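Inspection log for the structure reproduced underneath, given as structure tokens.
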Amino acid sequence: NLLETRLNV
Amino acid sequence: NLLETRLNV
Amino acid sequence: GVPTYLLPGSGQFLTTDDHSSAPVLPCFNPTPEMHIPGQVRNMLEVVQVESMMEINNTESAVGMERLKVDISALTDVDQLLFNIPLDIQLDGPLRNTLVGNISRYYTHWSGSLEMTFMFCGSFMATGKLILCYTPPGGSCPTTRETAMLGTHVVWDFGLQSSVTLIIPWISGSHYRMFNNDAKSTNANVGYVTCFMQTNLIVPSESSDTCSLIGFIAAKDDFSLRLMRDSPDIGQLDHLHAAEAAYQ
Amino acid sequence: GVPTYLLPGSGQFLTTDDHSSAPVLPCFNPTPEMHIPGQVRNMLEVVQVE
Amino acid sequence: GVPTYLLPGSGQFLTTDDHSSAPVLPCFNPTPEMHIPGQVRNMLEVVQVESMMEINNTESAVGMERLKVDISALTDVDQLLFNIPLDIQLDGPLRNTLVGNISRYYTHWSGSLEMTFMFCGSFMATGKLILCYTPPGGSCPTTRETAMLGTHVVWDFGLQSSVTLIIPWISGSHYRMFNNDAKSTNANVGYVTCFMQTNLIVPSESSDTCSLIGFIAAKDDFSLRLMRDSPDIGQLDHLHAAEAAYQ
Amino acid sequence: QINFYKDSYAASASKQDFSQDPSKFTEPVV
Amino acid sequence: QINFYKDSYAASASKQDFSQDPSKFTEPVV
Amino acid sequence: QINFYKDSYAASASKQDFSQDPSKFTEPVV
Amino acid sequence: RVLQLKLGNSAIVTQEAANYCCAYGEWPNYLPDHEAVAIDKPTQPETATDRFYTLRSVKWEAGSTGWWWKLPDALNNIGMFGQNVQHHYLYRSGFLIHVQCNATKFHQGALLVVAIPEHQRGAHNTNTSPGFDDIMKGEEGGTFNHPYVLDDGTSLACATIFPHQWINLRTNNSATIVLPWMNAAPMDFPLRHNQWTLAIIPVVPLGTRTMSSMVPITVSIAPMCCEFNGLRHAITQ
Amino acid sequence: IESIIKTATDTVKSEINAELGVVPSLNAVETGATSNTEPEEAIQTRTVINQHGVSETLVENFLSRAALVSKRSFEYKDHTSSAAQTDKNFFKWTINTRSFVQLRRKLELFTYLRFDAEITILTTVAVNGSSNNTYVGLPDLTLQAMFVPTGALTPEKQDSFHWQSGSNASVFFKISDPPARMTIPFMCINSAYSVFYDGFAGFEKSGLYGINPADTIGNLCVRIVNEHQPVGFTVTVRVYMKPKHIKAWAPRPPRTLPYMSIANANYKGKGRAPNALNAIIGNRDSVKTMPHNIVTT
Amino acid sequence: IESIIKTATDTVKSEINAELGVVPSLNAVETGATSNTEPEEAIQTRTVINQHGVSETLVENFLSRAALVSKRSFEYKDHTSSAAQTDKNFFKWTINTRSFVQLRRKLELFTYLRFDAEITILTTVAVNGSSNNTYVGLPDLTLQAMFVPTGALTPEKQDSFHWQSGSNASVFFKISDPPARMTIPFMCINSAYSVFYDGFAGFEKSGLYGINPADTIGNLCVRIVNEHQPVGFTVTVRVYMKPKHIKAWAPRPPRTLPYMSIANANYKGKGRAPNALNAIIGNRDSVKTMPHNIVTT
Ligand SMILES: *[C@@H]1O[C@H](CO[C@@H]2O[C@@H](C)[C@@H](O)[C@@H](O)[C@@H]2O)[C@@H](O[C@@H]2O[C@H](CO)[C@@H](O[C@@H]3O[C@H](CO[C@H]4O[C@H](CO)[C@@H](O)[C@H](O)[C@@H]4O)[C@@H](O)[C@H](O[C@H]4O[C@H](CO)[C@@H](O)[C@H](O)[C@@H]4O)[C@@H]3O)[C@H](O)[C@H]2NC(C)=O)[C@H](O)[C@H]1NC(C)=O
Ligand code: NA
Ligand code: NA
Ligand code: NA
Ligand code: NA
Ligand code: NA
Ligand code: NA
């Protein structure tokens with residue numbers, strides 16, 4: 001998810 | 001209520 | 001073994017408790033400290049910094065216009081310019097300030113306040129104003145000869161741009177108290193009023209209308225107690241993307 | 001850990017008990033004392049008045 | 001008796017706890033200690049030993065062939081030979097090494113690494129190579145005049161068989177962090193590249209193709225923290241003969 | 001007496017002030 | 001204050017640093 | 001550290017031996 | 001009231017200053033050996049990088065909302081500072097900022113000049129985060145959409161908690177601020193994170209009844225104690 | 001200049017003043033300093049000895065309170081026919097302080113923070129209320145909560161071999177116990193957490209603004225350990241966080257407009273004042289109108 | 001040379017070198033020693049004072065964690081008509097570390113080990129889900145666990161006179177208690193356990209390779225103490241082991257291919273890489289291909 005990776009889907 | 005504000009309704 | 005017995009309160013969870021508890025990661029070494037600018041250790045350090053009052057809280061003032069008061073030349077003597085309510089717990093010109101925002105996490109307060117005003121007209125503009133604080137007991141004064149009987153300063157515009165009015169702590173009790181009642185003898189602070197002492201006088205090439213910015217802060221005699229959830233924030237739903245924390 | 005056992009009376013609430021208990025408001029500073037006339041410390045002081 | 005009360009956490013079982021507990025066999029005498037070679041006391045002792053990198057991780061290389069890189073004479077100057085990704089948490093040439101295997105039981109790491117290369121051609125073979133480390137920020141370099149701007153060593157083949165490249169700790173933060181994201185500013189280490197500095201030159205009776213073996217280890221500035229279950233092992237079923245323990 | 005809390009107002013009751021002066025109620029005259 | 005754990009980060013809260021310097025926010029001028 | 005049992009093997013874990021010698025694995029040569 | 005600043009081959013004088021501000025009471029310095037992380041010997045260019053650079057001027061109009069620039073982003077392509085940024089993985093510095101605006105004794109107006117640490121912007125009336133081109137403006141900088149809430153849902157009225165000065169046209173014609181290194185790490189990659197944002201906001205609008213003239217605002221910035229680590233080939237934005 | 005302060009400041013007695021060249025009520029706001037005018041310089045004062053304490057506004061007291069950070073409800077039952085999106089007797093949560101607004105606004109008063117985190121887990125159960133079911137009593141279930149680092153592999157089903165927890169920390173607890181409790185250390189790769197982050201945490205141009213994964217503490221993976229019963233129940237798990245051993249830097253303007261999203265600082269405001277985009281304070285009729293004016297009769 | 005090490009090593013500042021007869025970057029791998037080249041000899045360095053701790057990689061911390069070693073489920077009921085192979089209200093287990101792979105791989109990093117073993121026993125229950133049964137609530141049963149030495153006689157039925165436990169240690173515990181706990185001492189006939197054994201532990205040629213019964217700790221014999229109820233239940237027992245007071249010798253290459261059996265080191269590998277017999281690391285297209293290469297636009 002975005003909190004772990006800072007990528008959107 | 002009257003105990004918090006000392007006003008009657 | 002040791003003979004023992006359990007007290008009332010055994011097994012409860014109190015959110016303000018203070019105990020040691022089991023470490024998740026044994027033998028863990030946290031990252032070394034390094035110096036960082038701007039450390040804060042008591043919230044009373046923040047409360048002593050000046051911030052802008054929203055004095056022009058009126059239906060026709062939009063955005064940044066709410067943060068300044070405009071003054072112009074008058075043709076009658078002794079006239080009232082504006083007034084400010086002083087109750088630091090309630091909504092009003094003082095609420096969205098450093099002192100207002102921090103005070104609304106607490107329920108009781110004590111100590112002196114200062115208001116500072118800056119003149120933003122041209123260099124060629126001149127004038128004198130009187131700033132008054134009236135202790136509580138009845139209605140806000142509407143005339144200069146009533147208001148000048150209270151605490152006041154007379155301000156001359158000049159090379160120094162700005163003036164301070166002290167609002168001294170004058171209270172029967174050690175603290176004032178946040179009820180939801182503005183007219184309580186435990187809550188009401190009195191009033192601030194501003195009048196012309198002379199007139200705003202400018203030459204033809206200056207702007208005929210000039211502005212004041214007003215600021216507020218606490219002195220180092222100030223104190224706060226009885227912490228509570230702030231009334232300045234709240235929610236009725238989960239925020240956008242809140243389900244993503246479970247994915 | 002410490003080996004322990006519970007006595008008879010464990011978990012009861014007795015209205016005449018005398019123990020410490022958890023503070024609701026941490027770091028709270030109560031209002032300073034000032035002198036007030038007419039302090040009373042034993043109810044036998046009142047009983048001696050006509 | 002002693003007056004007592006129970007805290008939150010009473011009766012829980014935490015797998016990382018540390019307490020005394022009741023002995024099953026009272027008055028038992030364990031077997032005397034004797035000296036045994038090779039005692040280990042910190043896992044950082046194992047991590048400092050060199051082990052082979054799997055640089056040739058390609059579809060056509062089978063078994064032991066994956067552990068060596070073959071080089072041959074070239075007819076163009078300055079040519080690229082191979083490159084190595086450096087992210088010690090991820091799958092790749094570094095993963096199945098003493099430093100790789102132990103690091104994957106942890107989540108954070110810090111400190112310097114060394115790569116050592118051994119030449120395995122004939123005595124009559126000669127050549128020079130350049131080994132480069134590039135700090136992160138963009139794409140891996142494809143040309144010698146780009147790669148030589150970074151940290152590097154120039155290696156001459158001779159009576160000493162082997163050379164060391166130091167990969168120094170160069171990081172903004174005290175530790176790097178195992179996300180599952182190779183392109184993170186908290187995880188990426190940069191690149192290693194190898195180029196011809198001259199050429200591989202051999203006589204007609206030597207083999208025309210010669211091999212390198214590459215090794216990696218940590219220095220004694222290295223550290224690991226935040227332990228976790230290793231991703232290198234797992235099961236979907238009970239093993240064969242597991243029911244026999246209940247017979 | 002057992003008290004491990006940080007704030008002094010958490011403590012047990014105070015049953016040890018034996019001082020008196022009846023004369024403030026029985027003899028308030030010159 | 002009671003702490004039998006081996007790691008110092010397990011301990012109770014630290015409520016005893018009364019040091020201040022308002023002047024880094026109120027007077028940041030020469 | 002709390003231990004009221006009579007046998008020493010009942011005790012809590014031993015996390016305090018910081019001694020090392022890498023050279024028995026890194027430099028086993030004359 | 002009167003001030004001279006001198007760094008490298010550059011000097012600035014002003015006859016109408018109002019003291020100057022040192023952020024949080026601290027002054028720039030090089031990274032000491034007990035706080036360091038990267039082991040390579042650093043590049044320290046001194047007078048090649050530690051000097052005033054002047055940006056394009058902007059026009060103060062009756063309807064202006066205010067202006068902003070991000071650091072180090074606004075300097076990453078200028079002079080020998082830009083060349084050292086493009087060839088190294090890591091950077092560290094302080095800054096000295098000087099803001100200039102003059103008008104006649106018949107003009108009125110007031111500017112807030114404020115340096116904001118970690119100014120993470122919000123977008124208006126959408127759930128989607130700001131894009132790369134909303135944030136990375138370079139030398140040109142940007143303008144405020146909603147200065148009354150600082151473009152982040154907070155407030156202009158409380159912005160005086162940050163390092164700041166005012167330009168009040170009847171009082172002074174310049175503002176000066178000194179900034180230390182301000183980050184959770186000892187060094188950073190300069191092409192992806194900005195430590196500071198300079199903001200200039202017209203709280204009292206420009207006014208006069210005299211002859212109309214164009215009234216510009218001008219920004220000069222000097223890096224202080226620059227250091228660079230991890231040398232390699234050049235990468236630009 | 002640093003000093004030790006335990007109470008509010010005393011007041012000194014003061015006299016008449018009339019003195020050329022001296023004007024303590026005048027100030028220069030343009031410098032950026034706050035006014036240094038004292039009460040003794042503005043009015044005649046008495047002597048006052050001030051005994052008011054300042055400890056309830058210490059930063060450790062202000063932030064060190066257990067606040068709600070997660071609430072999750074799921075069905076405990078035979079999941080053989082459930083859809084792909086359902087929590088099938090277990091769930092994953094990424095630890096964050098972004099989702100419940102009272103803790104979020106308090107942490108956002110600062111730019112950088114360093115703390116250890118005390119975690120408390122509270123569980124409750126109820127019988128499923130569909131018309132096939134009577135009430136039957138409530139089961140004393142065992143639960144497992146496993147800590148997993150940011151971005152690492154998590155379990156895919158209730159009976160996965162991943163729950164063997166060979167190096168990960170796990171806590172096992174029953175519904176009849178007091179709430180479970182443990183402390184997570186300050187785990188950042190930097191010397192402090194960044195509360196706000198003005199950048200893009202990747203070497204390419206493409207990803208999200210303003211999120212740095214180095215500030216994400218980790219994951220909790222939670223399951224019921226018991227097999228399913230013949231009847232269904234609903235289980236709710238609540239997580240509380242208390243910061244402790246706190247250091248804080250660079251105070252900030254408070255949030256005024258409502259929060260929109262966990263991911264960013266985006267804004268819209270209320271439809272009308274207070275807390276609207278164009279008006280934060282509620283209106284009055286004019287700058288001469290006193291809103292709570294006392295009427296005497 | 002032995003020494004006390006509590007933190008990672010410091011770095012010293014270094015200058016330009018140009019010196020005949022001296023080549024610290026050249027080495028002789030054929031000797032079997034690891035390279036002794038230091039960073040100060042390879043590049044110009046600064047001074048750095050390193051405060052990073054090394055305690056989380058101590059052998060006692062690495063191995064001393066409670067891990068799952070047995071899970072057994074059985075039916076609590078009237079067993080009058082059950083088959084000969086069924087667990088009839090009791091079971092036998094031989095203590096081993098061979099069956100759950102996370103603990104097995106960690107112990108197999110070493111050749112010899114000496115430790116005491118802390119044993120924790122966790123029990124859960126559910127109503128049998130056949131269509132004759134409604135839910136009814138759950139019983140608070142008493143269980144007995146009896147220690148029996150390797151190869152000694154074990155009980156044959158739930159009500160056997162062998163459960164009288166006249167010299168064997170037994171622990172009695174209820175489902176409503178915290179989990180049961182006890183410590184077993186280091187019991188080997190030798191000075192350490194053998195993790196691997198290259199031999200045949202019998203004087204004839206005929207038996208199994210690689211198992212030495214001197215390394216088998218013992219048996220747990222477990223029963224429900226209560227008589228059967230009128231309705232059936234399923235009971236599950238989980239056993240956890242934590243090693244403590246540890247010494248370890250002669251470190252080894254880690255397991256790469258999946259385990260096949262509890263009895264031996266036999267291997268097969270995955271069908272395709274990673275962890276296949278002919279390829280341990282996952283493939284890339286060539287030795288010049290960079291797999292996570294950063295793209296700038
Ligand atoms: C993460 O990415 C999310 C997905 O982004 C889209 O998909 C990717 C793959 C790319 O193609 C990308 O370029 C796309 O943008 C992103 O979520 C999206 O965010 C936008 C902007 O807020 C949403 O747009 C708004 O949509 C509503 C209508 O919603 C209905 O229809 C959509 C399908 O079109 C359904 O999915 C919804 O469930 C609803 O049924 C519009 O009303 C709204 O405004 C318009 O209307 C008003 C007047 O009412 C006008 O004033 C405006 O000018 C507009 O004309 C927006 O258009 C979009 O719906 C949403 N998509 C999805 C699938 O969620 C997310 O924001 C990113 N996250 C972060 C943290 O950045
Ligand atoms: Na009130
Ligand atoms: Na990663
Ligand atoms: Na802000
Ligand atoms: Na005092
Ligand atoms: Na050291
Ligand atoms: Na082997």
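Labels for the structure tokens follow display order: chains A, B, ..., residues from 1 in each chain, ligands from 1.
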> Could you pull the residues within 10 Å of residue 13 in chain G, counting only C-alpha atoms, minus those fewer than 5 positions along the same chain, as a ChimeraX atom specification?
Replying inline: /C:17-20 /J:60-61,64,116,243-246
>> Hey, which residues sit close to ligand 2? Say within 12 Å, counting only C-alpha atoms and all ligand atoms, and write them as a ChimeraX atom specification.
In response: /B:4-5 /C:86-91,104,107-109,176-189 /J:292
Residue subset to file, keeping N, CA, C and O atoms, as a compact mmCIF listing (two decimals), in the first residue's frame:
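Ended up saving to out10.txt:
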```txt
# COMPACT_ATOMS: atom_id res chain seq x y z
N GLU B 4 -24.27 23.47 35.53
CA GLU B 4 -23.15 23.95 34.72
C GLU B 4 -23.24 25.45 34.42
O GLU B 4 -22.21 26.10 34.29
N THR B 5 -24.45 26.02 34.30
CA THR B 5 -24.63 27.39 33.76
C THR B 5 -25.35 28.38 34.69
O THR B 5 -25.32 29.57 34.41
N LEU C 86 -12.56 39.74 24.54
CA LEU C 86 -11.31 39.22 25.14
C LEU C 86 -11.35 37.76 25.62
O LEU C 86 -10.35 37.28 26.16
N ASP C 87 -12.46 37.04 25.48
CA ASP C 87 -12.62 35.70 26.08
C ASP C 87 -11.84 34.62 25.29
O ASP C 87 -12.30 34.10 24.27
N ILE C 88 -10.63 34.28 25.75
CA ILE C 88 -9.65 33.48 24.99
C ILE C 88 -10.04 32.01 24.75
O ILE C 88 -9.43 31.34 23.92
N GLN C 89 -11.08 31.49 25.43
CA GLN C 89 -11.68 30.16 25.16
C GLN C 89 -12.67 30.14 24.00
O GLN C 89 -12.86 29.09 23.42
N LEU C 90 -13.35 31.25 23.69
CA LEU C 90 -14.47 31.25 22.75
C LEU C 90 -14.00 31.54 21.31
O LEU C 90 -12.89 32.02 21.09
N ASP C 91 -14.86 31.28 20.32
CA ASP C 91 -14.65 31.75 18.94
C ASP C 91 -14.72 33.28 18.87
O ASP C 91 -15.53 33.91 19.55
N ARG C 104 -7.00 26.33 24.02
CA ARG C 104 -8.19 25.49 23.79
C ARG C 104 -7.96 23.97 23.92
O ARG C 104 -8.94 23.23 23.88
N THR C 107 -8.52 23.91 30.13
CA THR C 107 -9.82 24.35 30.67
C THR C 107 -9.71 25.56 31.61
O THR C 107 -10.65 26.34 31.72
N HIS C 108 -8.58 25.73 32.29
CA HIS C 108 -8.31 26.86 33.19
C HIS C 108 -7.08 27.64 32.73
O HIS C 108 -6.12 27.04 32.23
N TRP C 109 -7.07 28.96 32.93
CA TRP C 109 -5.95 29.83 32.56
C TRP C 109 -5.77 31.00 33.53
O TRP C 109 -6.69 31.37 34.27
N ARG C 176 -9.19 31.84 35.75
CA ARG C 176 -10.49 31.87 35.04
C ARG C 176 -10.77 30.51 34.41
O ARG C 176 -9.87 29.70 34.21
N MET C 177 -12.04 30.27 34.11
CA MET C 177 -12.58 28.94 33.85
C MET C 177 -13.42 28.89 32.57
O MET C 177 -14.34 29.68 32.37
N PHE C 178 -13.12 27.93 31.70
CA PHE C 178 -13.87 27.68 30.48
C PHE C 178 -15.17 26.90 30.77
O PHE C 178 -15.23 25.68 30.65
N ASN C 179 -16.21 27.63 31.14
CA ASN C 179 -17.59 27.24 30.89
C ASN C 179 -17.92 27.48 29.40
O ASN C 179 -17.17 28.13 28.67
N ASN C 180 -19.10 27.04 28.96
CA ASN C 180 -19.70 27.49 27.70
C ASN C 180 -20.67 28.68 27.93
O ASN C 180 -21.76 28.73 27.37
N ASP C 181 -20.30 29.61 28.81
CA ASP C 181 -21.09 30.79 29.19
C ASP C 181 -20.21 32.05 29.26
O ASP C 181 -19.48 32.26 30.23
N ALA C 182 -20.31 32.90 28.24
CA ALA C 182 -19.54 34.14 28.11
C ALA C 182 -19.83 35.19 29.21
O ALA C 182 -19.01 36.09 29.41
N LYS C 183 -20.97 35.12 29.90
CA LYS C 183 -21.41 36.13 30.89
C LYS C 183 -21.18 35.71 32.35
O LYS C 183 -21.58 36.43 33.27
N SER C 184 -20.53 34.57 32.58
CA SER C 184 -20.12 34.07 33.90
C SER C 184 -19.12 34.99 34.62
O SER C 184 -18.16 35.46 34.01
N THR C 185 -19.28 35.17 35.93
CA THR C 185 -18.27 35.83 36.78
C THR C 185 -16.95 35.06 36.89
O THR C 185 -15.94 35.64 37.28
N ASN C 186 -16.90 33.77 36.52
CA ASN C 186 -15.66 32.98 36.46
C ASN C 186 -14.96 33.01 35.08
O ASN C 186 -13.87 32.45 34.96
N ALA C 187 -15.56 33.62 34.05
CA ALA C 187 -15.05 33.58 32.68
C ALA C 187 -14.79 34.96 32.03
O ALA C 187 -13.78 35.12 31.35
N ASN C 188 -15.67 35.95 32.19
CA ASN C 188 -15.60 37.20 31.43
C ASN C 188 -14.37 38.07 31.79
O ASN C 188 -14.07 38.28 32.96
N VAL C 189 -13.66 38.59 30.78
CA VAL C 189 -12.40 39.35 30.93
C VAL C 189 -12.58 40.88 30.82
O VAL C 189 -11.71 41.64 31.25
N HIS J 292 -20.95 39.46 22.87
CA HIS J 292 -21.58 38.96 24.12
C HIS J 292 -21.82 40.08 25.15
O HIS J 292 -21.66 39.88 26.35
```
>> Quick check for you: according to DSSP on this backbone, which residues of chain H are classed as helix (DSSP H, G or I)? Reply as a PyMOL selection string.
In response: chain H and resi 8-10+23-26
>> What does the list of residues within 8 Å of ligand 4 look like if you count only C-alpha atoms and all ligand atoms, written as a ChimeraX atom specification?
In response: /I:116,119-120,150-155,159 /J:252-254
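Residue neighbourhood of residue 49 in chain J, excluding near-sequence residues (fewer than 6 positions): residues 9, 10, 11 and 12 of chain J, at 9 Å, using only C-alpha atoms.
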Quick one: write out the picked residues with C-alpha atoms as a PDB file, in the first residue's frame?
```pdb
ATOM      1  CA  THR J   9       7.100  34.710  37.135  1.00  0.00           C
ATOM      2  CA  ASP J  10       6.637  37.129  40.153  1.00  0.00           C
ATOM      3  CA  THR J  11       5.502  40.836  39.828  1.00  0.00           C
ATOM      4  CA  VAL J  12       7.447  43.804  41.352  1.00  0.00           C
TER       5      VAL J  12
END
```
> Would you list which chain E residues are within 12 Å of chain C using only C-alpha atoms, as an MDAnalysis selection string?
Replying inline: chainID E and resid 1:19 106:110 173:176 223:228
> Quick one: which residues from chain F are at most 8 Å off chain D, using only C-alpha atoms, as number ranges by chain?
Replying inline: F: 2-3, 5, 7, 9-13, 17-22, 24-26
Suppose we keep N, CA and C atoms; can you now write the selection as a short mmCIF file (atom, residue, chain, number, x, y, z; two decimals), in the first residue's frame?
```cif
data_model
loop_
_atom_site.label_atom_id
_atom_site.label_comp_id
_atom_site.auth_asym_id
_atom_site.auth_seq_id
_atom_site.Cartn_x
_atom_site.Cartn_y
_atom_site.Cartn_z
N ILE F 2 1.74 2.84 51.08
CA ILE F 2 2.30 2.53 49.75
C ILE F 2 1.74 3.49 48.68
N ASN F 3 2.61 4.24 48.01
CA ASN F 3 2.24 5.17 46.93
C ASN F 3 3.36 5.25 45.88
N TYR F 5 2.55 6.51 42.66
CA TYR F 5 2.11 7.53 41.70
C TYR F 5 2.98 8.80 41.79
N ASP F 7 1.99 12.13 41.22
CA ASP F 7 1.28 13.31 41.74
C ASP F 7 0.88 13.11 43.21
N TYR F 9 -1.40 14.35 45.20
CA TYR F 9 -2.85 14.25 45.45
C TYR F 9 -3.42 12.83 45.29
N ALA F 10 -2.70 11.89 44.67
CA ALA F 10 -3.08 10.48 44.57
C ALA F 10 -3.04 9.70 45.91
N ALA F 11 -2.33 10.21 46.92
CA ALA F 11 -2.04 9.53 48.19
C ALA F 11 -3.28 9.13 49.02
N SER F 12 -3.09 8.23 49.99
CA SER F 12 -4.10 7.83 50.99
C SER F 12 -4.50 8.99 51.94
N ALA F 13 -5.53 8.81 52.77
CA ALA F 13 -6.06 9.85 53.67
C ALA F 13 -5.07 10.32 54.77
N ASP F 17 -3.67 15.04 62.26
CA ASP F 17 -3.66 16.40 62.83
C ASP F 17 -4.54 16.51 64.08
N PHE F 18 -3.94 16.35 65.26
CA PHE F 18 -4.62 16.43 66.56
C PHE F 18 -4.71 17.85 67.16
N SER F 19 -4.29 18.89 66.44
CA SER F 19 -4.37 20.27 66.95
C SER F 19 -5.82 20.78 67.03
N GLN F 20 -6.17 21.52 68.08
CA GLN F 20 -7.49 22.14 68.29
C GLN F 20 -7.37 23.58 68.82
N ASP F 21 -8.39 24.41 68.63
CA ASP F 21 -8.60 25.63 69.43
C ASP F 21 -10.10 25.95 69.56
N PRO F 22 -10.81 25.36 70.54
CA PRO F 22 -12.22 25.63 70.79
C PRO F 22 -12.54 27.11 71.03
N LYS F 24 -11.94 29.94 69.62
CA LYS F 24 -12.44 30.75 68.49
C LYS F 24 -13.96 30.66 68.31
N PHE F 25 -14.61 29.65 68.88
CA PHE F 25 -16.07 29.49 68.90
C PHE F 25 -16.65 29.69 70.32
N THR F 26 -15.95 29.27 71.38
CA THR F 26 -16.47 29.34 72.77
C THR F 26 -16.18 30.66 73.50
#
```
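Comparing J:17, J:40, J:104, J:48 by their smallest distance to ligand 5, the closest is J:48 (using only C-alpha atoms and all ligand atoms).
A distance search around ligand 5 (8 Å at most, only C-alpha atoms and all ligand atoms) returns the following protein and nucleic acid residues: residues 221 of chain C; 6, 7, 8, 9, 10, 49, 50, 51 and 52 of chain J.
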For the residues selected in the previous step, produce a file with N, CA, C and O atoms as a PDB file, in the first residue's frame.
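Writing the result to result00.pdb gives the following:
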```
ATOM      1  N   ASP C 221       4.240  35.413  32.980  1.00  0.00           N
ATOM      2  CA  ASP C 221       3.388  35.115  34.143  1.00  0.00           C
ATOM      3  C   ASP C 221       2.191  34.181  33.804  1.00  0.00           C
ATOM      4  O   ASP C 221       1.392  33.871  34.687  1.00  0.00           O
TER       5      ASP C 221
ATOM      6  N   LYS J   6      10.078  26.363  36.975  1.00  0.00           N
ATOM      7  CA  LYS J   6       9.109  25.484  37.662  1.00  0.00           C
ATOM      8  C   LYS J   6       7.774  26.160  38.006  1.00  0.00           C
ATOM      9  O   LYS J   6       6.780  25.460  38.176  1.00  0.00           O
ATOM     10  N   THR J   7       7.717  27.491  38.058  1.00  0.00           N
ATOM     11  CA  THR J   7       6.496  28.288  38.319  1.00  0.00           C
ATOM     12  C   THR J   7       6.439  29.527  37.421  1.00  0.00           C
ATOM     13  O   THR J   7       7.455  29.955  36.878  1.00  0.00           O
ATOM     14  N   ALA J   8       5.260  30.129  37.268  1.00  0.00           N
ATOM     15  CA  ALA J   8       5.094  31.430  36.617  1.00  0.00           C
ATOM     16  C   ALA J   8       5.856  32.562  37.352  1.00  0.00           C
ATOM     17  O   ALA J   8       6.115  32.475  38.551  1.00  0.00           O
ATOM     18  N   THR J   9       6.228  33.622  36.632  1.00  0.00           N
ATOM     19  CA  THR J   9       7.100  34.710  37.135  1.00  0.00           C
ATOM     20  C   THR J   9       6.403  35.646  38.151  1.00  0.00           C
ATOM     21  O   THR J   9       5.224  35.953  38.004  1.00  0.00           O
ATOM     22  N   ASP J  10       7.121  36.130  39.174  1.00  0.00           N
ATOM     23  CA  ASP J  10       6.637  37.129  40.153  1.00  0.00           C
ATOM     24  C   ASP J  10       6.444  38.538  39.544  1.00  0.00           C
ATOM     25  O   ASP J  10       7.023  38.855  38.507  1.00  0.00           O
ATOM     26  N   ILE J  49       3.796  37.489  44.745  1.00  0.00           N
ATOM     27  CA  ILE J  49       4.586  36.250  44.745  1.00  0.00           C
ATOM     28  C   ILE J  49       3.741  35.150  44.089  1.00  0.00           C
ATOM     29  O   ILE J  49       2.708  34.752  44.624  1.00  0.00           O
ATOM     30  N   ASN J  50       4.141  34.674  42.913  1.00  0.00           N
ATOM     31  CA  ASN J  50       3.330  33.778  42.088  1.00  0.00           C
ATOM     32  C   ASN J  50       3.757  32.309  42.292  1.00  0.00           C
ATOM     33  O   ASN J  50       4.879  31.924  41.982  1.00  0.00           O
ATOM     34  N   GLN J  51       2.852  31.472  42.805  1.00  0.00           N
ATOM     35  CA  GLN J  51       3.100  30.048  43.082  1.00  0.00           C
ATOM     36  C   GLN J  51       2.496  29.086  42.030  1.00  0.00           C
ATOM     37  O   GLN J  51       2.503  27.875  42.234  1.00  0.00           O
ATOM     38  N   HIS J  52       1.954  29.578  40.911  1.00  0.00           N
ATOM     39  CA  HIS J  52       1.339  28.729  39.872  1.00  0.00           C
ATOM     40  C   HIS J  52       2.371  27.855  39.150  1.00  0.00           C
ATOM     41  O   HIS J  52       3.319  28.371  38.561  1.00  0.00           O
TER      42      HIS J  52
END
```
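CA of residue 132 in chain C is positioned 20.9 Å from CA of residue 172 in chain C.
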